[PDB]
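# Below: the sequence, then the experimentally determined structure.
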Amino acid sequence: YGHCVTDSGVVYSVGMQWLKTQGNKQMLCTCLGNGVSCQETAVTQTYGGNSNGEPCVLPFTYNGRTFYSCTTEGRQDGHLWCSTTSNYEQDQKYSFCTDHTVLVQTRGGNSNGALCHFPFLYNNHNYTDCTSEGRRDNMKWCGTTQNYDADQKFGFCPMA
Ligand SMILES: *[C@@H]1O[C@H](CO)[C@@H](O)[C@H](O)[C@H]1NC(C)=O
C-alpha cells in the first residue's frame, strides 16, 4: 500500500518525485500510489510577464550568463523568470515561474536516490536546504517531500 517501485528496486513513497532516464533525456517521475507521474523536463509553471505567463524558450542568456531554466536574475519581486523566446534580448520576452520548479537529486538514508523536494518540513519545522540534523559527517541531507518527518524519508544531497 503506497509508494512505487521503479528502476531496479528503488521504491519511492507516494507524492515522491525522482529523476529517471526515459530514453535519451531526464524525466520527473513521482509515485502517488495510483501510479508514477512522469513529466518530461518541461519548463516551469510560468505566469505573468510580457508573455502572458506562457512557456519559456531556453537556453536563454541574460546579463552575460547562459540560463537553462528560470532565474531570479534582476528579479526584485521574489519569484523567478524565463525567456519566452530563443532570442531573449531579441524579443525581450519572458515569464515568471514558481520557485524555479527546484529539483534536488538526493540519495541514501531511506529514500534511495530520491529527487529531494524543497522546501521540506522537518519536525513541524519547515526547511529549505540539505540540513544536517542527526548527522555528524559532511553529508548534508534534506527531505524527499514537503514533510520529511511526516513521511520519514530522507536523502543525501549532491557533492555541492
Ligand atoms: C510549513 O509551511 C507551510 C506553508 O508555508 C504551512 O502550511 C505549514 O503549516 C508549515 N509548517 C509548520 C510546522 O508551521
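Everything's here; your move. Residues are numbered from 1 along each chain as shown.

# what about residue 100, which SS state?
Secondary structure state of residue 100, per DSSP: H, G, I helix; E, B strand; the rest coil, is helix.

# residue contacts, it?
44, 69-72, 80 (C-beta atoms under 8 Å, 6 or more residues apart in numbering). Using the backbone N, CA and C atoms, a C-beta is placed for each residue, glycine as well.

# swap the cut-off to 10 Å and go again
44, 67, 69-72, 79-82 (C-beta atoms under 10 Å, 6 or more residues apart in numbering).

# Pretty sure residue 157 is one of the things residue 111 touches, is it not?
No - Residue 111 is beyond contact range of residue 157, at 11.2 Å (criterion: C-beta atoms under 10 Å).

# Could you find the closest non-adjacent residue to the residue nearest the centre of the chain?
Centroid-nearest residue in the chain: residue 103, 1.8 Å away (criterion: C-alpha atoms, centre = their mean). Computed as C-beta to C-beta, 6 or more residues apart in numbering, the closest residue to residue 103 that is not its neighbour in sequence is residue 115, at 5.8 Å.

# Sticking with that neighbour, tell me its helix or strand.
Using DSSP states H and E, residue 115 is not contained in any helix or strand.

# swap in residue 150?
Counting by DSSP H and E, residue 150 is part of helix 148-151.

# Give me the residues contacting that helix.
The contact list for helix 148-151 (C-beta under 10 Å, 6+ apart) reads 2-3, 13-16, 109-111, 116-117, 120-125, 127, 131, 133, 141-145, 154-155.

# Now list the buried members of the residues you listed.
13, 15-16, 109, 111, 116-117, 120-122, 127, 131, 141-145, 154-155 (16 or more other C-beta atoms under 10 Å).

# Also near the ligand: which of these, exactly?
residue 121 (C-beta under 6 Å from any ligand atom).

# so what are the domain limits for the protein?
1-41, 42-103, 104-160 (curated CATH domains).

# do the longest one and the ligand meet at all?
No - residues of domain 42-103 are not located near the ligand by C-beta under 6 Å from any ligand atom, the shortest gap being 11.9 Å.

# Which stretches in this protein count as strands?
4-6, 10-12, 16-21, 26-31, 37-40, 60-62, 65-67, 80-82, 95-97, 141-143, 154-156 (DSSP state E).

# Write a PyMOL command that selects only the buried members of the contacts of residue 100.
Here is the PyMOL command that selects the buried residues among these (16+ other C-beta under 10 Å):
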select buried, resi 44+67+69+70+71+80+81+82
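
# Farthest pair within the contacts of residue 100?
67 and 79 (14.7 Å; C-beta to C-beta).
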